[PDB]
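What follows is one chain in structure tokens, specifically the form deposited in one PDB entry.
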């Protein structure tokens, strides 16, 4: 890494100078580093140029705004200081060149949207890897190769992506936040594909301008979303994806539509037609939204050139995100779903998702955390009463608060608290549901998802919903 090579596209006559790491933070700036001095939230990194110099940085690139001309080369204590105009906008491209253009050395798929980003990213990484990629995710859970995910600026994005290139990643599914796109955090990334999951004039105008600046590659758009359709009208090469009959086939563009979905006790049977051919997928995922997420990942990988027959042969091995509508079924036992839903909206969505798969009674086993906001307790009670047939109210991380007090606040939210079943011991309430429910019933166990712990008092006790359920059903969590 060399200041002269680094700046070649922008500053012809930049001093030659070996560089170690690139950092925006004056405090961790070490001997040989490149320090980047940026202006942002009431924060001027140009203040910290003396400190960085004192710490032995090889060179500095700074905002030119009010200080200097674009490409102005100065020299402070023998340290090259180079000024660039609009450094915030150029930070992605600068870090990209520093880290050897990692998005040009793997297939990067970007996923944007309010919901389903995590599941769609996770499904793209899994499906690509089933077809022989070494696949990685960057998102909210964290970053890493699949199954090795470790819990942020334009530089960190490029750095992390370069790190996955070094670990052998050939594919990466990245969640792109609305706030990341506006902040220019992914401005220089070469996306193979951009997936969209789900005052309007400005909003659209803002985003359209940003999108037109990015390398988006293949555009894959949920046509079941109202905004998705308007954007598809403007994008003739974009793939339209639907499970609610919103493919306008007059366009002669690429498309993928679920024709029939059967929601059964262990997943979803998805019949679909596409411009690539027709197929049947056995999904082990639960709910309508996960059908959508799966069809977006399928359309994306078809658009990138993965053969339909290979995607089909491998679809059955796609897994849920741990503790996200995760199904446990055993020969002749009730279906059980572990979901991490711990808010009224999440609890309602998970019960609506679970009802689609339930021929009999829908059981909801849940509780609310102690020494937290009490506002959600009666709202979650009311949702369990409405969208479940049986509400089993139990403990969920009661901490120092009287456990039965939390239950009382949940029951108060209901029209008919006496219809609720109350059972303390979380483990005992889960047992009560699983052991009483019929073979064609569904037991939603909400609140913890992947948490392997029940905080009672100051104690973090070893407890898993997934393990309690797996053991009751006679299966392995």
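Positions refer to the first chain, counted from 1. Definition used throughout: the rigid core is the maximal C-alpha set that superposes within 1.5 Å between two forms.
The form deposited in another entry exists for this protein as well; it is not shown, and the discussion that follows is about that form.
- After superposition on the rigid core, the single residue among 124, 136, 383, 111 whose C-alpha moves by 2 Å or more between this form and the one not shown is 383.
- Shown in the overlay between this form and the one not shown, fitted on the rigid core, is a CA shift at residue 274 smaller than 2 Å.
- The two forms, fitted on the rigid core, differ between this form and the one not shown by less than 2 Å at the CA of residue 180.
- After superposing the rigid core, the C-alpha of residue 359 moves by 2 Å or more between this form and the one not shown.
- An increase of at least 3 Å in the separation of the C-alpha atoms of residue 317 and residue 333 is found in the other entry, compared with the displayed form.
- Three angstroms is the minimum change: in the other entry, the CA atoms of residue 285 and residue 333 sit farther apart than in this structure, by 3 Å or more.
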